[PDB]
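[1] Let me see the structure of the following:
(chains A, B, C, D, E, F, G, H, I and J, ligands or ions: 7)
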Amino acid sequence: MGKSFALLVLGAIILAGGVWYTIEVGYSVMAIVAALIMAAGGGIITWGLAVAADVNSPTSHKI
Amino acid sequence: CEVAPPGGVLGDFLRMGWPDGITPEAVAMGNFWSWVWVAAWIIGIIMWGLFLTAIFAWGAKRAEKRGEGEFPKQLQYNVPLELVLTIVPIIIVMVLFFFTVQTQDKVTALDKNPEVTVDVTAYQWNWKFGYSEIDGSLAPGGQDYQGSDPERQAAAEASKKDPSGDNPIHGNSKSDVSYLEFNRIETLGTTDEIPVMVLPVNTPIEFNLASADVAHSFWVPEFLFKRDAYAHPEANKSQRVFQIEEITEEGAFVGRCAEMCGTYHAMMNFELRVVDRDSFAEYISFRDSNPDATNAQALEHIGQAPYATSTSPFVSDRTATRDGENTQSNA
Amino acid sequence: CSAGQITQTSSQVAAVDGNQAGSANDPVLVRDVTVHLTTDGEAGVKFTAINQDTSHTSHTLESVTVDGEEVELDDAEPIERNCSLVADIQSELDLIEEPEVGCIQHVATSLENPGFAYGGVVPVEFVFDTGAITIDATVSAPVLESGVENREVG
Amino acid sequence: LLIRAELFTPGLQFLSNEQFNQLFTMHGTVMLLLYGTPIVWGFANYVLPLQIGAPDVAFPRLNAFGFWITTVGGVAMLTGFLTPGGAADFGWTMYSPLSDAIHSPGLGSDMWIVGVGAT
Amino acid sequence: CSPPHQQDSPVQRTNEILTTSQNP
Amino acid sequence: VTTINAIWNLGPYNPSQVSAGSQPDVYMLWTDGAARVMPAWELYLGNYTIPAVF
Amino acid sequence: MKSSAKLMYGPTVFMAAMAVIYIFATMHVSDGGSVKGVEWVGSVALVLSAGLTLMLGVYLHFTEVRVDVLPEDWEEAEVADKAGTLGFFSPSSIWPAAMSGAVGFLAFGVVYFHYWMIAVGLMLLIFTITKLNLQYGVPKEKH
Amino acid sequence: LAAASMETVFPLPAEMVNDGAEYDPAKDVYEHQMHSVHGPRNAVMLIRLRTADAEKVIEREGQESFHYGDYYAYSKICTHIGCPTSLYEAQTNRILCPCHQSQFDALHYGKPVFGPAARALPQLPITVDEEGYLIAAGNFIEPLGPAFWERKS
Amino acid sequence: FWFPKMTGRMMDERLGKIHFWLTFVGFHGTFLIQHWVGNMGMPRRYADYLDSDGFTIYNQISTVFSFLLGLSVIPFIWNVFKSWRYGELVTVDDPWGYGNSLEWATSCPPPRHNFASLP
Amino acid sequence: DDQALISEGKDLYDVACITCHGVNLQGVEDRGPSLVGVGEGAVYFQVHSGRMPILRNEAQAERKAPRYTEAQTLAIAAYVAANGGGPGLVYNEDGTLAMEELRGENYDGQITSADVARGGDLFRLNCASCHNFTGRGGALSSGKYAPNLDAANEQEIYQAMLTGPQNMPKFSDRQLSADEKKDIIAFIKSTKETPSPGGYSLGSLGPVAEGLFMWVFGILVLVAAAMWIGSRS
Ligand code: HAS
Ligand code: HEC
Ligand code: HEC
Ligand SMILES: *C(=O)CCCCCCCCCCCCCCC
Ligand code: FES
Ligand SMILES: [Ca+2]
Ligand SMILES: [Mn+2]
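    Residues are numbered from 1 along each chain as shown, chains lettered A, B, ... in the order given. Ligands and ions are numbered 1, 2, ... in the order given. See the structure here:
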């Protein structure tokens, strides 16, 4: 797995952080900024899962 | 549909966000909706399950680790099964169409014996309500009440032709407004005030729609129904009246414009407030006696809040709403 | 870029000689306030008071004063909600009607000119039985009959 | 994504009503008529003669013309955003009388028409 | 790179008042 | 078959008047365009000044 | 090209049927959600659509009846049956892009409704289509 | 003048008037008045502002008493290369030059906000006289027109 | 599927799976909850709404996953660009192995006139 | 009459104008201004030329096809004029709304050239800065522009001068007297309706038009001639 779990850890810290910020801002323009942070968090979550989903059954060899 | 849904949390899931519906025909449509979702979830579950079976059983590594070889069984045709799987959908959609026709014919009928007729006018970008007919049993005085303002209706009727002769549309003037309705008791929405249409409970009602310029749409989500309001509805062959057998329960209900009409399309809201039968008789008597009085004062007079509650007017300032507070309050 | 939250059209104000006071939130507005001083001698105050209080309190225009000079304005009954009290000098109210529809009320008015200057600005106080408004207002001549008045050598 | 950003919270945070209308109109038009139909014809152009066993298509210069007229339709349609008033803002359906000149007078409303025509 | 004699007035406009003399 | 300089429509010269699209002839438009695109970069050197149009 | 010509009669019969059905239905049937009367747009549209499929089906059939048995319309054709010339194909041309540019100038003139733009765009368009259609025939220079 | 209007005015000395109560049909003031109209630095634009816009004005240092109520007077010659700035936008209160699109704020003592101009439009001090006509209370406080090497600032 | 035939090069399978999962998660997170907010009474083409409507939370979830769905195209663009010029080279007429149609009977990429010989 | 006219005007106002100008014509903050004191001339210019109703806020509302008949326009103008007067319409001696009679102060059947000669100088001083010599139009700041003076009738020219529409300055009848306005009308209609003696006007824009004409198509046809006479090898 490797970087899979690493991504999943990092992304959670980003996602939760955005969830903390979207409650503070809260309807201003910066709410959008908070959402973007949250999206990037979710992106890195899915990125980690995708890496796992590839190394579960790789369709390519490093040859 | 006559049959009620399963109810409980299962019914709440099945109706998938629909309001309960404040009319009998709204109940019929909601029933039909929940049952067609029972059907739809069956289809979706079994076919997503097939797409999962493809992932977890029909793989090539699973087939090779148990010695199936290089290729599968090269089957391509099964005339009976590919007939049956086509004929079953047909007999499914025929039953769906039967129930569809039943519900549509109940909702769309125009023989519900209306007791209150409201003339609705849409324009860019608000609503105008007026009582065309109020049959005697709740009317002011007891005599069957007609609402037309003859002088103003006659001015609109005379605007049907240009005296200067610019009459291009089949002999009529381009700015003809003789299709619009003008009544004595009217409520006119503004940027500062939501128009609140007062109606009675347990009474058959007729709505008569039209627009002053551009197409609009009269969507009350609690009726589970909407219709487009057009300019010159008869030239478009658009049936401009619809009827409900009753509103079952009283309260305040939001209504929105559901057809794109331009800049302030999202700000064209109205309220449909529903009150007791005798309370409605009092409201219409008050308004008919002292026609200078406003809508809020009559609402106060029958013991209701002066202004809309299910919705509010928007702050017209183009920047003040930037930090969330886009609603302006009333006394 | 011009259809933004700041646009040129949405900013524009009434191309009229008078000033205005009152917002979307204020209960009673004044529109087109201006001290009209004729070139012959007559003077007065032009304005339109508009009641839009949602508590349905009527406002009676009690008094009007211009640089401390009292205004004579003929009797007006109170302004109920969505009613309007129009006011000008009588010579100019004779050029328009008073509608039977809606709720509009014409009242003539006049000032004793202390010697205001054309072009300048003076503070005008409206006092209603509920409250008060203060507004700067320019001294100006009334409009002419359109298309009749040529200028001459003199 | 601009549309989704402005729908994030109740008030109008950076867009106006006009600009939001322009945005959904042009999102719909671009995605249906400048992405969808041309990618259909692009995949067809590439693989179809390989699938049926032909060397060329029947009318090669008409094929070239189709590509270039689609690009010009795209450029025309999007040129409305360069006006001060902006693009068309009556939805990708262009319902009438909202599409009449009496009710949508900007030049973008013309540009949209000729755009879809070229495509 | 700015003109050295083109400042904003420090004193604000005081909303002054005008008049003209007259025979009466 | 085509007008080029309806001087009668322009009227005599007056230092106080001007028109909207008052451009020079095409072979000079580049100079006018230069004058338009140059920013307001002006030098103020004590009692002297180098205008932006330098 | 038998199957291609013949499968155009499925939609022809269907669209003609739907045309007559729609016509009679919209003029005679009444429901509370529409006004009775023949609906002319759908009428003309469906009958002209059946006209389009009729047009293709009939022309392709009238051609099919006098084309020989081609190898591509034969179930056991050898690859060497189409050996020979296949036909002429344009290898290159600048004039398609030229035509798109002419149509662009025309369309922007129509947008702004500048008369000179419409005139110039129509001139450009006739020119570029003409030059497209004269590409492989321009004389050799005689000097 | 109405409450958002612009007039082009020229310097009319008292010895060239010949109008009003003192008009004589034999006084021939034409050629001198034309001489006034045809001076290069003579044209001024007299602007009457709305009241609510007039009370947003930011004056220049030393020129706070140049106006007269809602009446402001600005040199009509552009401070770029000398065209007349004859395009008063009545709603934006920008004075626009048609030659190279310089824009001056009239609620900001004529300060440029666009284009190649760098200097503010000169302002003329104005007032009214005993008879009720508008006069120039003084001369401009700066050189006017385009800049030259010898002009300070 | 047809990038090898078009170019003579394969794409990176891992980057493709990242693209797929990003698109899938973002898409269902964007548009599934919109069924509910539409049934609940939100009309289309609404620039602004009131916080009393009850629409806010659904719009917030939808926009968060919309930006995720927008990020999904970043691995796709990178995969196309990188593989176009540095991708694994195709040495076989049919790099997936079991190509049915005729386009896999010719090389990767095909010659100018498609076929060097026909089966 | 006038009360029936005011009733018709109020009813039309209530379904077309009330969202941006309010029920008491007071204005709505960022949607439209107050109409108190604009007069019949403002309503005539705006409605009859087609400028009202605005249907999206931009840099400038544009002239478009009218939404109301002239009779309906005058009904609405009556109703608006009851809310505080303002400048009015120019009627002729019989009582009809004035039109071709405004074509110069000394009009009598045809335009007189002295009126055109004075109105030319008046237009070139007060108007041409924005509308170009002979009124072809001009560009203002930030997407705004001065229209083309072709579409306007004489009444609309007069009411434009009186009312100062959008970014246009006001010209009261004390600033430009009635005769000076009528001479400006005479000049507009003389130049708008006299073909150029020297052939096609090329839009009367000025040198950019003749530039484009020559420096594209003029040199193109002589290049074509050169290619006809010379060799491509
Ligand atoms: C084939 C046809 C279509 C496709 C595909 C499509 C895709 C989307 N649509 Fe849509 N659309 C809507 C939302 C979306 C979203 C979110 C996507 C998504 O696919 C969009 C994402 C796709 C992208 C391709 C984005 C690329 C991203 C870029 C370029 C930026 C990436 C960089 C980032 C994020 C910064 C990096 C940050 C880091 C931290 C690294 C919505 C509402 O949310 C409405 C209704 C609006 C209303 O008010 O009614 C709508 C309306 C329509 C209409 C009707 C138009 C009308 O009513 O006038 C049509 C026909 C249509 C078609 C199509 N649409 N759409
Ligand atoms: C909001 C969409 C509007 C509607 C509906 C109507 N008008 Fe309007 N009007 C609006 C704006 C933003 C402006 C400012 C100037 C501009 O062109 O943008 C105006 C202006 C007027 C005027 C001129 C006022 C003046 O200062 O002289 C008039 C006379 C006017 N509007 C009248 C009017 C009428 C009668 C309408 C119903 C037919 C109407 N307007 C609709 C915005 C809006
Ligand atoms: C620039 C500051 C202008 C000056 C000086 C004059 N006008 Fe104008 N005019 C200008 C604008 C920005 C507009 C558009 C106003 C709108 O609301 O659309 C106008 C409009 C006119 C019109 C109307 C034309 C029409 O389309 O019906 C006319 C007839 C007109 N202007 C005439 C005119 C005259 C005669 C002027 C000199 C006295 C004049 N304008 C000055 C901008 C400017
Ligand atoms: C001013 O407000 C005009 C309308 C602004 C709309 C803002 C949204 C722009 C979205 C991108 C447009 C791309 C256009 C491409 C042009 C070739
Ligand atoms: S002369 Fe005024 S900006 Fe150039
Ligand atoms: Ca928002
Ligand atoms: Mn619809």
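[2] Tell me how many other residues crowd the closest residue in space to residue J:143 that isn't next to it in sequence.
    The shortest distance from residue J:143 to any residue other than its chain neighbours is 2.8 Å, reached at residue D:84 (C-beta to C-beta, 6 or more residues apart in numbering or on different chains). (C-beta placed from N, C-alpha, C; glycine too.) A count of nearby residues for residue D:84, using other C-beta atoms under 10 Å in any protein chain shown, gives 18.
[3] need the helices for chain G, in chain order.
    Assigned by DSSP state H, the helices in chain G fall at G:2-6, G:9-28, G:40-64, G:95-112, G:115-133.
[4] so of those helices, which one's packed in deepest?
    Per-stretch averages of neighbours, counted by mean count of other C-beta atoms under 10 Å in any protein chain shown, single out helix G:95-112 among the helices of chain G, with a mean of 20.
[5] quick one: that one to helix G:115-133, angle?
    Our comparison of helix G:95-112 with helix G:115-133, counting by axes from the mean of the first three to the mean of the last three C-alpha atoms, to 10 degrees, yields an angle of 160 degrees.
[6] Find the centremost residue of chain J, please.
    The structure's chain J has its C-alpha centroid closest to residue J:152; by C-alpha atoms, centre = their mean the separation is 4.6 Å.
[7] Hmm, residue J:160 and that residue touching each other?
    Yes. Assessed by C-beta atoms under 8 Å, residue J:152 is found in contact with residue J:160 at 6.9 Å.
[8] Next up, the contacts around the closest residue in space to residue B:238 that isn't next to it in sequence.
    Spatial nearest neighbour of residue B:238, excluding adjacent residues (C-beta to C-beta, 6+ apart): residue B:230 at 4.9 Å. Going by C-beta atoms under 8 Å, 6 or more residues apart in numbering or on different chains, residue B:230 touches B:209, B:210, B:211, B:215, B:236, B:238, B:240.
[9] Let's see that with 6 Å instead.
    By C-beta atoms under 6 Å, 6 or more residues apart in numbering or on different chains, the residues touching residue B:230 are B:211, B:215, B:236, B:238.
[10] among these, which ones are buried?
    Neighbour-count burial (16 or more other C-beta atoms under 10 Å in any protein chain shown) is assigned, among the contacts of residue B:230, to B:211, B:215, B:238.
[11] Count the neighbours of residue 46 for me.
    Since you didn't name a chain, this refers to chain A. With other C-beta under 10 Å as criterion, residue A:46 counts 25.
[12] nope, chain J please
    Residue J:46 has 24 neighbours, counted by other C-beta under 10 Å.
[13] Whether stretch D:51-67 contacts chain G - can you check?
    Yes. Judged by C-beta under 6 Å from any C-beta of the partner chain, stretch D:51-67 comes into contact with chain G at D:56, D:60, D:61, D:64, D:65.
[14] What lies in contact with that stretch?
    The contact list for stretch D:51-67, computed with C-beta under 6 Å, 6+ apart, reads D:49, G:89, G:90, G:93, G:96, G:99, I:101, I:102, I:103, I:113, I:114.
[15] Please give the element, helix or strand, for the last one.
    For residue I:114, there is no helix or strand it lies in under DSSP states H and E.
[16] likewise the first one?
    Take DSSP H and E as the rule and residue D:49 turns out to sit in helix D:37-52.
[17] Residue C:126 belongs to a helix, doesn't it?
    No. Read with DSSP: H, G, I helix; E, B strand; the rest coil, residue C:126 is strand and lies in no helix.
[18] Go ahead and confirm it touches residue C:137.
    No. Using C-beta atoms under 6 Å as the test, residue C:126 is too far from residue C:137 to be in contact (10.5 Å).
[19] More neighbours: which of these two?
    Ranked by neighbour count (other C-beta under 10 Å), residue C:126 and residue C:137 place residue C:137 first, with 27 against 23.
[20] In its sheet, which strands sit next to the helix or strand that contains the more buried one, and in what direction?
    Per DSSP H and E, residue C:137 falls inside strand C:132-140. If you go by DSSP bridges, strand C:132-140 pairs up with strand C:28-37 (parallel), strand C:121-128 (antiparallel).
[21] could I get the contacts of stretch D:51-67 as a markdown table with distance to residue B:104?
    Below are these laid out as a markdown table (distance: C-beta to C-beta, whole Å):
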| residue | distance to residue B:104 |
| --- | --- |
| D:49 | 49 |
| G:89 | 56 |
| G:90 | 56 |
| G:93 | 56 |
| G:96 | 51 |
| G:99 | 51 |
| I:101 | 46 |
| I:102 | 50 |
| I:103 | 49 |
| I:113 | 58 |
| I:114 | 54 |
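[22] which among those residues gets closest to chain H?
    For those, the residue nearest chain H by C-beta to the nearest C-beta is residue G:99; the value is 37.7 Å.
[23] got a list of what the closest residue to that closest one other than its chain neighbours touches?
    Setting aside the residues directly before and after it, residue G:99 is nearest to residue G:128 in space (C-beta to C-beta, 6+ apart), at 4.5 Å. By C-beta under 6 Å, 6+ apart, residue G:128 lies in contact with G:95, G:98, G:99, G:102.
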